[PDB]
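**Q** Quick one: the structure is below, questions incoming.
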Amino acid sequence: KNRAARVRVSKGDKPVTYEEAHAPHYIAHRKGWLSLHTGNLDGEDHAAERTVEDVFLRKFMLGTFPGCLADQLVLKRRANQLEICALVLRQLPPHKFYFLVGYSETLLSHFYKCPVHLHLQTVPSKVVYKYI
Amino acid sequence: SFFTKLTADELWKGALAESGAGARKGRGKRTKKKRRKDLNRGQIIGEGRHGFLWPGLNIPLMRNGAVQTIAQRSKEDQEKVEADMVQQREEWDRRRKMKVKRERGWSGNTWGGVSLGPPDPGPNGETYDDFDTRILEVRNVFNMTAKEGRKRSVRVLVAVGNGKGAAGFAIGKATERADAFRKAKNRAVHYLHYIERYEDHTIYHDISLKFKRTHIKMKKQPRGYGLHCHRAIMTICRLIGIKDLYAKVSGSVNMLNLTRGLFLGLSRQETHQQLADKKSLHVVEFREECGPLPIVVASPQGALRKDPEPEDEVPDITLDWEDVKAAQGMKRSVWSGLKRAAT
Amino acid sequence: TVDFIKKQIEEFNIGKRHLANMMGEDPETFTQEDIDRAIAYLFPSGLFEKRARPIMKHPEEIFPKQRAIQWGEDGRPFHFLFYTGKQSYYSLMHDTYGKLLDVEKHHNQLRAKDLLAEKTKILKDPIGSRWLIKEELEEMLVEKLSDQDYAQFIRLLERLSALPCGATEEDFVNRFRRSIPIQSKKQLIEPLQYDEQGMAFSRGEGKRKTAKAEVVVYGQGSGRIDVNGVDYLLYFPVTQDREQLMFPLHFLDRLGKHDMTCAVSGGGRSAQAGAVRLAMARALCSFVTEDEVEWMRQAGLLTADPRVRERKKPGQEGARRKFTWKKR
Amino acid sequence: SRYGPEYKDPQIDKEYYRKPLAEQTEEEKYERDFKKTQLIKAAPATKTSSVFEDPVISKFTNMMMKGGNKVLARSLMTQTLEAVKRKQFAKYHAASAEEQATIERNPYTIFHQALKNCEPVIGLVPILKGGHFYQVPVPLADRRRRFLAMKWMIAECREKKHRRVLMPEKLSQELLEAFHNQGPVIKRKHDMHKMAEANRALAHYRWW
Amino acid sequence: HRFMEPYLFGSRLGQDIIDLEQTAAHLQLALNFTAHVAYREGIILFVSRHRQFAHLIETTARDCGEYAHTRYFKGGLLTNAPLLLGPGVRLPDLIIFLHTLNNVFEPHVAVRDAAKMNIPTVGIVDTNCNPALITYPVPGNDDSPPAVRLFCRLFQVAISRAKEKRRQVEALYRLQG
RNA sequence: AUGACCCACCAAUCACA
RNA sequence: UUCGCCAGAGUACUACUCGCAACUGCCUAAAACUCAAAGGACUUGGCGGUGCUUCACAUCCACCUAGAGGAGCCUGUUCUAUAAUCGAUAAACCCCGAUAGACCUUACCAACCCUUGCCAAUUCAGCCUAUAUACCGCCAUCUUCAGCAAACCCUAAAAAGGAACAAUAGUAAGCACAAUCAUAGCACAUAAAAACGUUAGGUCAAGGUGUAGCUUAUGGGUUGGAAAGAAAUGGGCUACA
Ligand SMILES: [Mg+2]
Ligand SMILES: [Mg+2]
Ligand SMILES: [Mg+2]
Ligand SMILES: [Mg+2]
Ligand SMILES: [Mg+2]
Ligand SMILES: [Mg+2]
Ligand SMILES: [Mg+2]
Ligand SMILES: [Mg+2]
Ligand SMILES: [Mg+2]
Ligand SMILES: [Mg+2]
Ligand SMILES: [Mg+2]
Ligand SMILES: [Mg+2]
Ligand SMILES: [Mg+2]
Ligand SMILES: [Mg+2]
Ligand SMILES: [Mg+2]
Ligand SMILES: [Mg+2]
Ligand SMILES: [Mg+2]
Ligand SMILES: [Mg+2]
Ligand SMILES: [Mg+2]
Ligand SMILES: [Mg+2]
Ligand SMILES: [Mg+2]
Ligand SMILES: [Mg+2]
Ligand SMILES: [Mg+2]
Ligand SMILES: [Mg+2]
Ligand SMILES: [Mg+2]
Ligand SMILES: [Mg+2]
Ligand SMILES: [Mg+2]
Ligand SMILES: [Mg+2]
Ligand SMILES: [Mg+2]
Ligand SMILES: [Mg+2]
Ligand SMILES: [Mg+2]
Ligand SMILES: [Mg+2]
Ligand SMILES: [Mg+2]
Ligand SMILES: [Mg+2]
C-alpha cells in the first residue's frame, strides 16, 4: 500500500484537517502548494536554496510557537521578500504573540538577508474537515 | 544535524511501537508496558536554562509604569528555578506510579460482582440513578476470520435492579471491553422483570426449576436468615431487593442459563392473593413464634367458598431426596455448616 | 438548520452587494455569471478539479435539500404514510395507483355508454422522450430510493400510460417525462468559397498520429495533387500512400475533376498519407450532395483515427510488453 | 480499443452505396445504420476503395511481413505475382494452340486456386484422456483452413529454399506447383489427412 | 390454527365456520377501545400486508385522519424507532391489523414487535391466524372483500365519532368558563 | 508420496484543586 | 411397573481365573503403570485428486506472434577464492539498494597515526555496533479483490447469525470500490487510485529512533590495497544470414 503522507482511517473518531485528508496524488487537483516560489519553473535557478530555506522555516516556526501552530505553514516568495502565513490556535496572550511576531521577523530578516513578513491568522481550535 | 531532527509525535509513535505486528496477533506479553509523557507539560514560553528574562514572555511587560529591559537572573536564582522544575517532574512521577483502587467483586482478578454504576439516560431524558448494574460474567470469546484468523471479542453478562423489585439482565458483545460494558448496561434496562416479594424480603413460596441442564432450588427463609446462595444469585438478589433466601444449584453452573432460569423461576411466582383468588379461600399464615394465632394473609376478593378443601390423609407430592435427607439429619457434609461472612 | 439558511442568504445578498461594489458594477444587473468572473479574477485557483475551486453561490444551490419537520409540536406526524419510513415515495405510488383506478372506472363507464373517446399519447418518440433516471426521481422526492422501488414505480407508470389517457392523467405522467437532447450525426457542411475571381475552392483539415494536414481543393481544375509544393508521386513513393490519397476521390468518382494543394507536417509517411486522406475527404464535402456525405461517413472517410502511440510505463518495457517474469 | 463498443466497422464497398433503389430490406437496413446516429470506425490504411485489391493477397502480404515492413512484404508479393505472370507467359509462347487455350495467365486465379487446393479438409487436436494425449480428428472452421493454407505456403517457401534463391522465385514456383496439386505443401495436407484417418476411431473422444 | 378452536362454531363440510356471537362480543370491545384511543388524542396505525385491500386501507386511514403501513415492513421499525424514523418520535398508541399475516403466511412482525413495545393491538384474526399476542382480537374473515370493507368502514366510523365527541365536549368545556 | 517442534489475546488512562 | 446395565481416559473385545464337541476359539474380565484430560453436539473459518452451475479474455485448454533455454559477449547471482564490506535472495531476489565503486564515493582489509575528539554549553561529543522478531518512516503482496467499520435493532441465546422485491429483520454515518480529476475538446483507452487486513514480507546502511552494547576505542584521520575463475546459473546485447 501507499503510505506516503497519509492519515490512516481510525475507528472513525479522528479529527482531520483539509490538508491531511488528501494524499499526494491530490496535489494540484484538490489541495494546492504550501510553498510558492519561482525556482521550480522551467528556466529558473536556486531551487535548492529555496528548499533548504523552506525546511528551516517550518522547523523554526514550529519551535518558536510551541503548541499553538494549527496547520502547516504557507510560504509566499515575491521579489526578494518572503511572507509567512500561519494558522495559529489561541493559546498565548496577544503580548507574547506580538513579541514573537517581531522577534521572528527581525531574526529571520537578519538571518536570510531579506525582508520577512509574518501574518498570523488566529483560530479557536483546529479546523476539522473530516471524521470527528 | 538540525535538519536531521523531527516532531515529538513522530518520535513517540516511533519509540512506543503500538502499530507494529507484535501487538496484533498478541506476539508479545501484556506485562511489558511503556508510556508516553508530554515533554511540553511543565515548560513556559521564553524559559531556558541560560536564565534570561524577556519583557513579553517570562516577566510582565511593564514594571512600575515603565518598560522592563532585557535582563538575566543570578546564578543561585536559576539554581532554585531548576530545583523547582525537577521537583515538578518528581511530583508527576509520584502521581503516575500511584494506581487507583479497584473494588473487588468476587475475586481480585474477576470482573464478576463488580458494579458498573447507573446505566445511561435514555433518549427521552429518562434517567435511572436508582439502578445499579453488576457484572455476572465477562468472557473473552473467539471467531476464526478469513483474513485475520482468530478474532477476539469480549462478551459480558450484566444485571440491573433498583432494589425495589424490578430487575433484569442482558448480554453484550464488542471488540473492546469498555464498549461491551456499555452495550450490556443500556440493553439490560430494556428487559426488566417485576419480582413479587412476600413482605419485601423473601420470595412467596419454595421454587424448584430445571432450566435446560441447570437446576435451581430456592427455599423461603424467615427474617433473620440472610441470602445463603450461589454468589451470582446473591448479586441478582441484592439488585432485586430479596434479603433472605436459600438456593442450591445443581447440574451445569453455566452463568447465562443460571440467570435466565433464575429470572424465569422468580417471574413464575404465585402471590398469596392469586392463590386466594383461584381457590376462593382465606390463606392464613401460622408463625411458629406467634404460636397457634391464625394471621390471615390473603382474602379472596369476590365470593368466598363455603366448601372446605378435600382432606387428603396422605398427600401425593414430588419429593427431593435432598430435602428429606436434610430433615432426618443424614447430611453430614463438612462444607454445609461452615460459618461465612455477612450477606 | 433553517436559521442557518436564512443567515447564509442574508450574508450572500450583503456579500453580492460588496462584490458588485469592488468590481465596479451595478449591484442590480449582477448575475451569477458575473459573480463567477469576479471570483475567478479575485481568487485565481488553478486546480484541475472544478469543485475544489472558490465559490460564492446562493445557499440553496450550495446546501443539499432538507427533509422538512415530519410532525407537529404534539408529536403527531403530518402525513398519514409517515410510519412507512418512506412517506414521499409511497405517497407517489398511492396517488399513481389512485389515478390508475380512476382511469379504469371512467373508461369502464365509457365502455358501458359505447364511447371510446380517447387516444394513445404513449408515443412521444419523435420528441425524444424518456423516463426520469433514478437520480432524478430521488431528487424530486427529496428521498433516497432503491432500484426495485424505481422499477416498480416506472412499471406502474407504464400501466397508466397504456390505458385511455385523461387530461389530468397525461399532465401527471408528464412530470416524469424528460426529453433526450438533439440526436443528429449529420455533419456541418463547409460553405463553398469563391476567392480572387477563382471559383469553387473548399478547405479541410485532417489530423492523424503526430501528422497535421491542411488541404485546399479546387473543383475548377483538372486532376493533380501538390503536397508541400511537389507532385504527389514524388512526395509519396510508396504505392499504398497514393492509394490512400486516391480513396476518397475514387469513392466519389471525382478522380479527374479536382485540383488540390496540401500542407502536411509531422509523423511518418503513412501518418501523412492518412492525415491528407482525412483532410481531402473533409474538403470534398462542400462539392458533393448531402447523401454522399453520409456515404463517405459510412465508409469511414470523415472520422479522425483516434489510434495513437501509448506511453511507456515504469517497470515494463513497451507500455504493454513486460519484463521477463521468473516463477522460481 | 480506442473505439468504444458503440463504433461499427466501415463498409468500404462503393457498389453498395451507388445502387440502393432496387432492395427494400437493405434500404431499411442502412437507413437504420446511419439514422441510428451510429458512430463509424475510421477506415484502415491497408484497405482502399480500389478495384484492384484482393483481401486474400493483402492477408498473405501481412503474413509474409517481418518486423514493421509493409513495404518489403508488398514488394515480395508484387514480385511474386509478376514472376507467376511471366512464368505463365514463357509457358504460353512455347506451347501450341490447344495448350494456349488451356494455360491460365492470371496470377490472381492461380493464387486463389493454389490456396483452395492447398487448404486442409480436416485437422488434429490433442486431447487428454486417462493421463495420455491422443491426437484426435477435428472438423475445422473455414478461416482456420485458409489460414493453415497460407501459413503452410509461407513456412515452406521461407524454410526449404537455398539461401541464394530469392523469395518471389521460390513462392511463384510453389504457387504454380500447388496449382497443379504436385507441390510439397499438398503433401503436407496429405500427411494431415492420413494422420486423420489413422486415428479415426479416436474421433469418439471429441465431445463437441 | 390450534388456538382458533374456541372461536369456531364448527366445521361445515371441511370449511371452518367462525362463531359470530363471539365475533360480535369481541368486535364490540375492539371498536370501544379504538374510539376511546382516538378520543384521548393518540396515534392509530392500520397495518395490513395484503395486496388487494392495500389501497382501500390506505384510503380508509387517510380519511379517519389516521396512519397506515400497508407496505413492506422495515425491520427495526417499532423496536428501533429513533434511527428509522428520526431523532425523537412518538409511536402509535394502538395498532390495527386487518391481516395478521404477511404474504409468506407467517405472523406479521409488527405483532411481536408491538407486543415488545408495550402497545395494545386490535386485529382481525382469521381461522388460520394466531390470536395469542393480540390485545383485542376479533375473530372473522379477512380474505373476502365485503368483510375487509365492513371492518374498514366500522373502524373508520368509530374513529370519526370519537374525534367529533372530543371536539364537542371541548367546545362545552370552553363555554363552561 | 512427503513437509521437527514451537506462535498468540487475562494490564490500565488523561485533566484540575 | 419391572428387569438388565452404567462410577474419568488409556492400559483392555488384554493378563489371570470357571465353564464350554470350541485347543490361533468363545465366555467371564482385572491390576501395576501412564495421563489431566478422554469424550458428545455445535459455530465461524480454511481446505477438499467432492458434485452442480457460471466463467477465464493475454488466458487455463484449443489456438496467434515474437523470444528465452544451445554460441560469443555484456551484466547479476550462487558457489569456490582472498588480509579484504553490507543489504535483497519462492510467487513478492537475481542491470536488485546503485538515475551508477579507478582515488573519492566507502561502510571493508593492511599498516600507521589522534584521544573533551564538527557544536553556544554539557563526567561529554562520536559509533554504517546488535536487534527490521521493539519501531517511525517509505514500500512489496494478495489487488482493479470488493469489502472494512463505528452506533443501534432482532434471535424460546446470541460461539455467532441477520437476505428473499408479488420481499420473511434489519437501519446505518464513515472508509474503500464507484463517480470526478490527469493525458489541454468529447468518447474510449491509459495513467493515477485501490480500504481493513495477510506474509513477525523488505529496509536499524536514507534519515530518525526503543532496548542492549563500545568510549586512549566497536570512535576520528592519513597512505596504499580489495585480487580471481574450478564450476553452476539468471537477465540482457549481438548474431547464426
Ligand atoms: Mg489477588
Ligand atoms: Mg516493443
Ligand atoms: Mg386468512
Ligand atoms: Mg519419510
Ligand atoms: Mg507439520
Ligand atoms: Mg482404569
Ligand atoms: Mg469379538
Ligand atoms: Mg480373551
Ligand atoms: Mg483373576
Ligand atoms: Mg501468457
Ligand atoms: Mg535476439
Ligand atoms: Mg535461444
Ligand atoms: Mg545464453
Ligand atoms: Mg552480493
Ligand atoms: Mg545490518
Ligand atoms: Mg543476508
Ligand atoms: Mg520472498
Ligand atoms: Mg577503495
Ligand atoms: Mg566503522
Ligand atoms: Mg517486518
Ligand atoms: Mg460496498
Ligand atoms: Mg439457536
Ligand atoms: Mg453483525
Ligand atoms: Mg454504512
Ligand atoms: Mg478528462
Ligand atoms: Mg475511461
Ligand atoms: Mg496502477
Ligand atoms: Mg478510483
Ligand atoms: Mg522476518
Ligand atoms: Mg533479512
Ligand atoms: Mg543508526
Ligand atoms: Mg582509501
Ligand atoms: Mg552469465
Ligand atoms: Mg532484470
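Ordering of the C-alpha cells sets the chain letters (A, B, ...); residue numbers start at 1 within each chain; ligands are numbered from 1 in the order shown.
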Kindly compile the residues surrounding ligand 4 within 12 Å, counting only C-alpha atoms (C1' of nucleotides) and all ligand atoms, and format them as a ChimeraX atom specification.
**A** /F:1-3
**Q** Take the residues from that selection and put them in a file with N, CA and C atoms (P, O5', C5', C4', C3', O3' and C1' of nucleotides), as a PDB file, in the first residue's frame.
**A**
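Saved the output as part-v9.pdb:
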ATOM      1  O5'   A F   1       0.518 -38.755  -2.416  1.00  0.00           O
ATOM      2  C5'   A F   1       0.691 -40.068  -1.897  1.00  0.00           C
ATOM      3  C4'   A F   1       2.090 -40.290  -1.364  1.00  0.00           C
ATOM      4  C3'   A F   1       2.586 -39.288  -0.326  1.00  0.00           C
ATOM      5  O3'   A F   1       2.095 -39.526   0.990  1.00  0.00           O
ATOM      6  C1'   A F   1       4.237 -39.542  -1.986  1.00  0.00           C
ATOM      7  P     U F   2       1.487 -38.323   1.885  1.00  0.00           P
ATOM      8  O5'   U F   2       2.767 -37.636   2.539  1.00  0.00           O
ATOM      9  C5'   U F   2       3.761 -38.417   3.186  1.00  0.00           C
ATOM     10  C4'   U F   2       5.107 -37.736   3.155  1.00  0.00           C
ATOM     11  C3'   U F   2       5.189 -36.382   3.844  1.00  0.00           C
ATOM     12  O3'   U F   2       5.325 -36.495   5.252  1.00  0.00           O
ATOM     13  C1'   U F   2       6.242 -36.254   1.729  1.00  0.00           C
ATOM     14  P     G F   3       4.384 -35.640   6.237  1.00  0.00           P
ATOM     15  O5'   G F   3       5.272 -34.361   6.592  1.00  0.00           O
ATOM     16  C5'   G F   3       6.694 -34.388   6.466  1.00  0.00           C
ATOM     17  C4'   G F   3       7.273 -33.006   6.274  1.00  0.00           C
ATOM     18  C3'   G F   3       6.619 -31.899   7.105  1.00  0.00           C
ATOM     19  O3'   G F   3       7.609 -30.980   7.554  1.00  0.00           O
ATOM     20  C1'   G F   3       6.542 -31.319   4.820  1.00  0.00           C
TER      21        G F   3
END
**Q** Could you name the residues that touch range 154-165 of chain E at 6 Å or less, counting only C-alpha atoms (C1' of nucleotides), but leaving out those on the same chain fewer than 4 positions away, as a compact mmCIF listing (two decimals) with N, CA and C atoms, in the first residue's frame?
**A**
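File out_37.txt, as written:
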# COMPACT_ATOMS: atom_id res chain seq x y z
N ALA E 35 -62.18 3.69 19.58
CA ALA E 35 -62.79 5.01 19.77
C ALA E 35 -62.21 5.71 21.00
N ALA E 38 -58.85 7.13 20.10
CA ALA E 38 -58.95 8.31 19.24
C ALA E 38 -59.44 9.56 20.01
N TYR E 39 -60.33 9.34 20.98
CA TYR E 39 -60.88 10.42 21.81
C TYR E 39 -59.81 11.11 22.63
N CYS E 64 -59.75 8.76 8.06
CA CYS E 64 -60.01 8.87 9.50
C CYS E 64 -59.07 9.89 10.14
N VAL E 169 -67.23 18.03 23.28
CA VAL E 169 -67.04 18.10 24.73
C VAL E 169 -65.98 19.17 25.04
**Q** Name all residues at most 6 Å from residue 299 in chain C (count only C-alpha atoms (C1' of nucleotides); drop same-chain ones fewer than 5 positions away) and give them as a ChimeraX atom specification.
**A** /D:10-12
**Q** Keeping only N, CA, C and O atoms, write those residues as a short mmCIF file (atom, residue, chain, number, x, y, z; two decimals), in the first residue's frame.
**A**
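To be explicit, this is the file written out as again.cif:
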data_model
loop_
_atom_site.label_atom_id
_atom_site.label_comp_id
_atom_site.auth_asym_id
_atom_site.auth_seq_id
_atom_site.Cartn_x
_atom_site.Cartn_y
_atom_site.Cartn_z
N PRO D 10 -16.55 0.09 -40.83
CA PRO D 10 -16.98 0.77 -42.05
C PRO D 10 -17.30 -0.20 -43.19
O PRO D 10 -16.65 -1.24 -43.30
N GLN D 11 -18.28 0.14 -44.03
CA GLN D 11 -18.46 -0.61 -45.27
C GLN D 11 -17.84 0.19 -46.42
O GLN D 11 -18.33 1.25 -46.80
N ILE D 12 -16.74 -0.34 -46.94
CA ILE D 12 -15.92 0.36 -47.93
C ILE D 12 -16.46 0.21 -49.37
O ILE D 12 -16.16 1.04 -50.24
#
**Q** Taking only C-alpha atoms (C1' of nucleotides) into account, what are the residues of chain G at most 9 Å from chain A, put as an NGL selection string?
**A** :G and (138-140 or 149-150 or 174-175 or 181-182 or 192-195)
**Q** Just N, CA and C atoms (P, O5', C5', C4', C3', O3' and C1' of nucleotides) for this one: save the residues we selected as a PDB file, in the first residue's frame.
**A**
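Once everything was written out, this is out-v7.pdb:
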ATOM      1  P     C G 138       5.854   8.135   4.907  1.00  0.00           P
ATOM      2  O5'   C G 138       6.123   7.955   3.350  1.00  0.00           O
ATOM      3  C5'   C G 138       6.016   6.674   2.756  1.00  0.00           C
ATOM      4  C4'   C G 138       7.323   6.195   2.187  1.00  0.00           C
ATOM      5  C3'   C G 138       7.189   4.989   1.276  1.00  0.00           C
ATOM      6  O3'   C G 138       6.850   5.340  -0.050  1.00  0.00           O
ATOM      7  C1'   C G 138       8.826   4.541   2.905  1.00  0.00           C
ATOM      8  P     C G 139       5.354   5.063  -0.556  1.00  0.00           P
ATOM      9  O5'   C G 139       5.099   3.568  -0.080  1.00  0.00           O
ATOM     10  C5'   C G 139       4.779   2.549  -1.010  1.00  0.00           C
ATOM     11  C4'   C G 139       5.925   1.587  -1.179  1.00  0.00           C
ATOM     12  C3'   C G 139       5.527   0.155  -1.482  1.00  0.00           C
ATOM     13  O3'   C G 139       5.221  -0.032  -2.851  1.00  0.00           O
ATOM     14  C1'   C G 139       7.149   0.169   0.236  1.00  0.00           C
ATOM     15  P     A G 140       3.862  -0.766  -3.277  1.00  0.00           P
ATOM     16  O5'   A G 140       4.322  -2.272  -3.462  1.00  0.00           O
ATOM     17  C5'   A G 140       5.523  -2.558  -4.150  1.00  0.00           C
ATOM     18  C4'   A G 140       6.056  -3.909  -3.766  1.00  0.00           C
ATOM     19  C3'   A G 140       5.060  -5.052  -3.842  1.00  0.00           C
ATOM     20  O3'   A G 140       4.904  -5.549  -5.160  1.00  0.00           O
ATOM     21  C1'   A G 140       6.228  -5.154  -1.790  1.00  0.00           C
ATOM     22  P     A G 149     -14.260  -5.227  10.489  1.00  0.00           P
ATOM     23  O5'   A G 149     -14.812  -3.768  10.807  1.00  0.00           O
ATOM     24  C5'   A G 149     -13.988  -2.780  11.416  1.00  0.00           C
ATOM     25  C4'   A G 149     -14.739  -1.478  11.564  1.00  0.00           C
ATOM     26  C3'   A G 149     -16.096  -1.581  12.248  1.00  0.00           C
ATOM     27  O3'   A G 149     -16.031  -1.635  13.660  1.00  0.00           O
ATOM     28  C1'   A G 149     -16.356  -0.385  10.252  1.00  0.00           C
ATOM     29  P     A G 150     -17.297  -2.174  14.488  1.00  0.00           P
ATOM     30  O5'   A G 150     -17.717  -0.920  15.363  1.00  0.00           O
ATOM     31  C5'   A G 150     -16.721  -0.057  15.877  1.00  0.00           C
ATOM     32  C4'   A G 150     -17.145   1.383  15.802  1.00  0.00           C
ATOM     33  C3'   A G 150     -18.457   1.725  16.481  1.00  0.00           C
ATOM     34  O3'   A G 150     -18.367   1.790  17.891  1.00  0.00           O
ATOM     35  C1'   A G 150     -18.377   2.771  14.374  1.00  0.00           C
ATOM     36  P     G G 174     -21.332   9.460   5.040  1.00  0.00           P
ATOM     37  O5'   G G 174     -19.968   8.903   5.650  1.00  0.00           O
ATOM     38  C5'   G G 174     -19.161   9.704   6.503  1.00  0.00           C
ATOM     39  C4'   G G 174     -17.998   8.915   7.051  1.00  0.00           C
ATOM     40  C3'   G G 174     -17.086   8.267   6.016  1.00  0.00           C
ATOM     41  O3'   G G 174     -16.151   9.158   5.424  1.00  0.00           O
ATOM     42  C1'   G G 174     -17.659   6.664   7.632  1.00  0.00           C
ATOM     43  P     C G 175     -15.908   9.116   3.834  1.00  0.00           P
ATOM     44  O5'   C G 175     -14.639   8.173   3.687  1.00  0.00           O
ATOM     45  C5'   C G 175     -13.680   8.082   4.732  1.00  0.00           C
ATOM     46  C4'   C G 175     -12.931   6.778   4.652  1.00  0.00           C
ATOM     47  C3'   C G 175     -12.718   6.249   3.248  1.00  0.00           C
ATOM     48  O3'   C G 175     -11.692   6.917   2.537  1.00  0.00           O
ATOM     49  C1'   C G 175     -13.503   4.497   4.594  1.00  0.00           C
ATOM     50  P     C G 181     -13.936  15.559 -14.836  1.00  0.00           P
ATOM     51  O5'   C G 181     -12.532  15.621 -14.082  1.00  0.00           O
ATOM     52  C5'   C G 181     -12.182  16.732 -13.272  1.00  0.00           C
ATOM     53  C4'   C G 181     -10.836  16.539 -12.616  1.00  0.00           C
ATOM     54  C3'   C G 181      -9.646  16.302 -13.537  1.00  0.00           C
ATOM     55  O3'   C G 181      -9.174  17.464 -14.208  1.00  0.00           O
ATOM     56  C1'   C G 181      -9.555  14.762 -11.759  1.00  0.00           C
ATOM     57  P     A G 182      -8.825  17.404 -15.785  1.00  0.00           P
ATOM     58  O5'   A G 182      -7.422  16.648 -15.851  1.00  0.00           O
ATOM     59  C5'   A G 182      -6.269  17.175 -15.207  1.00  0.00           C
ATOM     60  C4'   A G 182      -5.099  16.235 -15.342  1.00  0.00           C
ATOM     61  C3'   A G 182      -4.721  15.851 -16.767  1.00  0.00           C
ATOM     62  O3'   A G 182      -3.888  16.820 -17.390  1.00  0.00           O
ATOM     63  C1'   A G 182      -4.865  13.898 -15.437  1.00  0.00           C
ATOM     64  P     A G 192       0.387   4.456 -12.812  1.00  0.00           P
ATOM     65  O5'   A G 192      -0.360   5.316 -11.696  1.00  0.00           O
ATOM     66  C5'   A G 192       0.012   6.662 -11.448  1.00  0.00           C
ATOM     67  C4'   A G 192      -1.145   7.454 -10.901  1.00  0.00           C
ATOM     68  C3'   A G 192      -1.867   6.856  -9.705  1.00  0.00           C
ATOM     69  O3'   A G 192      -1.181   7.043  -8.480  1.00  0.00           O
ATOM     70  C1'   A G 192      -3.461   7.536 -11.286  1.00  0.00           C
ATOM     71  P     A G 193      -1.071   5.826  -7.433  1.00  0.00           P
ATOM     72  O5'   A G 193      -2.549   5.702  -6.843  1.00  0.00           O
ATOM     73  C5'   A G 193      -3.207   6.839  -6.297  1.00  0.00           C
ATOM     74  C4'   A G 193      -4.701   6.643  -6.236  1.00  0.00           C
ATOM     75  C3'   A G 193      -5.186   5.466  -5.400  1.00  0.00           C
ATOM     76  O3'   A G 193      -5.241   5.770  -4.016  1.00  0.00           O
ATOM     77  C1'   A G 193      -6.253   5.414  -7.499  1.00  0.00           C
ATOM     78  P     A G 194      -4.396   4.899  -2.964  1.00  0.00           P
ATOM     79  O5'   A G 194      -5.247   3.558  -2.833  1.00  0.00           O
ATOM     80  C5'   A G 194      -6.638   3.601  -2.535  1.00  0.00           C
ATOM     81  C4'   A G 194      -7.307   2.276  -2.809  1.00  0.00           C
ATOM     82  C3'   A G 194      -6.570   1.029  -2.328  1.00  0.00           C
ATOM     83  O3'   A G 194      -6.751   0.776  -0.943  1.00  0.00           O
ATOM     84  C1'   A G 194      -7.289   0.701  -4.548  1.00  0.00           C
ATOM     85  P     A G 195      -5.506   0.459   0.033  1.00  0.00           P
ATOM     86  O5'   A G 195      -6.111   0.742   1.486  1.00  0.00           O
ATOM     87  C5'   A G 195      -6.688   2.008   1.799  1.00  0.00           C
ATOM     88  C4'   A G 195      -8.022   1.880   2.503  1.00  0.00           C
ATOM     89  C3'   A G 195      -8.055   0.964   3.719  1.00  0.00           C
ATOM     90  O3'   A G 195      -7.600   1.615   4.896  1.00  0.00           O
ATOM     91  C1'   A G 195      -9.874   0.447   2.297  1.00  0.00           C
TER      92        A G 195
END
**Q** Quick one: residues within 10 Å of range 40-56 of chain D, only C-alpha atoms (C1' of nucleotides), excluding same-chain residues fewer than 5 positions away - as a PyMOL selection string?
**A** (chain C and resi 240-241+243-251+270-271+273-274+277-278+297-307) or (chain D and resi 2-4+6-14+33-34+61-62+70+108+111-112+115+146+150)
**Q** Show me which residues are within 9 Å of ligand 33 counting only C-alpha atoms (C1' of nucleotides) and all ligand atoms, and format the list as a PDB file with N, CA, C and O atoms (P, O5', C5', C4', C3', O3' and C1' of nucleotides), in the first residue's frame.
**A**
ATOM      1  P     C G  74      32.657  -9.398 -21.651  1.00  0.00           P
ATOM      2  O5'   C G  74      31.448  -8.448 -21.228  1.00  0.00           O
ATOM      3  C5'   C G  74      31.125  -7.296 -21.998  1.00  0.00           C
ATOM      4  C4'   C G  74      29.735  -6.787 -21.690  1.00  0.00           C
ATOM      5  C3'   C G  74      29.316  -6.802 -20.227  1.00  0.00           C
ATOM      6  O3'   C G  74      29.861  -5.735 -19.467  1.00  0.00           O
ATOM      7  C1'   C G  74      27.571  -7.701 -21.540  1.00  0.00           C
ATOM      8  P     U G  75      30.549  -6.035 -18.039  1.00  0.00           P
ATOM      9  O5'   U G  75      29.309  -6.194 -17.041  1.00  0.00           O
ATOM     10  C5'   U G  75      28.381  -5.131 -16.842  1.00  0.00           C
ATOM     11  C4'   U G  75      27.043  -5.625 -16.337  1.00  0.00           C
ATOM     12  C3'   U G  75      27.063  -6.437 -15.048  1.00  0.00           C
ATOM     13  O3'   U G  75      27.172  -5.651 -13.876  1.00  0.00           O
ATOM     14  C1'   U G  75      25.753  -7.568 -16.635  1.00  0.00           C
ATOM     15  P     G G  76      27.896  -6.264 -12.575  1.00  0.00           P
ATOM     16  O5'   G G  76      26.809  -7.278 -11.972  1.00  0.00           O
ATOM     17  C5'   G G  76      25.518  -6.811 -11.583  1.00  0.00           C
ATOM     18  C4'   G G  76      24.575  -7.908 -11.119  1.00  0.00           C
ATOM     19  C3'   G G  76      25.085  -8.925 -10.107  1.00  0.00           C
ATOM     20  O3'   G G  76      25.212  -8.417  -8.787  1.00  0.00           O
ATOM     21  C1'   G G  76      23.772 -10.019 -11.739  1.00  0.00           C
ATOM     22  P     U G 233      24.344 -24.307 -16.103  1.00  0.00           P
ATOM     23  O5'   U G 233      23.422 -23.071 -15.695  1.00  0.00           O
ATOM     24  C5'   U G 233      22.301 -23.250 -14.843  1.00  0.00           C
ATOM     25  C4'   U G 233      21.922 -21.965 -14.149  1.00  0.00           C
ATOM     26  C3'   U G 233      21.575 -20.793 -15.051  1.00  0.00           C
ATOM     27  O3'   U G 233      20.252 -20.866 -15.556  1.00  0.00           O
ATOM     28  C1'   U G 233      23.033 -20.067 -13.334  1.00  0.00           C
ATOM     29  P     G G 234      19.859 -20.106 -16.918  1.00  0.00           P
ATOM     30  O5'   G G 234      19.232 -18.728 -16.418  1.00  0.00           O
ATOM     31  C5'   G G 234      18.271 -18.712 -15.373  1.00  0.00           C
ATOM     32  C4'   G G 234      18.128 -17.339 -14.769  1.00  0.00           C
ATOM     33  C3'   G G 234      17.932 -16.200 -15.755  1.00  0.00           C
ATOM     34  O3'   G G 234      16.605 -16.116 -16.245  1.00  0.00           O
ATOM     35  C1'   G G 234      19.546 -15.577 -14.142  1.00  0.00           C
ATOM     36  P     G G 235      16.339 -15.977 -17.823  1.00  0.00           P
ATOM     37  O5'   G G 235      16.419 -14.403 -18.069  1.00  0.00           O
ATOM     38  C5'   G G 235      15.740 -13.500 -17.203  1.00  0.00           C
ATOM     39  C4'   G G 235      16.390 -12.133 -17.174  1.00  0.00           C
ATOM     40  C3'   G G 235      16.705 -11.504 -18.525  1.00  0.00           C
ATOM     41  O3'   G G 235      15.567 -10.923 -19.140  1.00  0.00           O
ATOM     42  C1'   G G 235      18.574 -11.268 -17.102  1.00  0.00           C
TER      43        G G 235
END
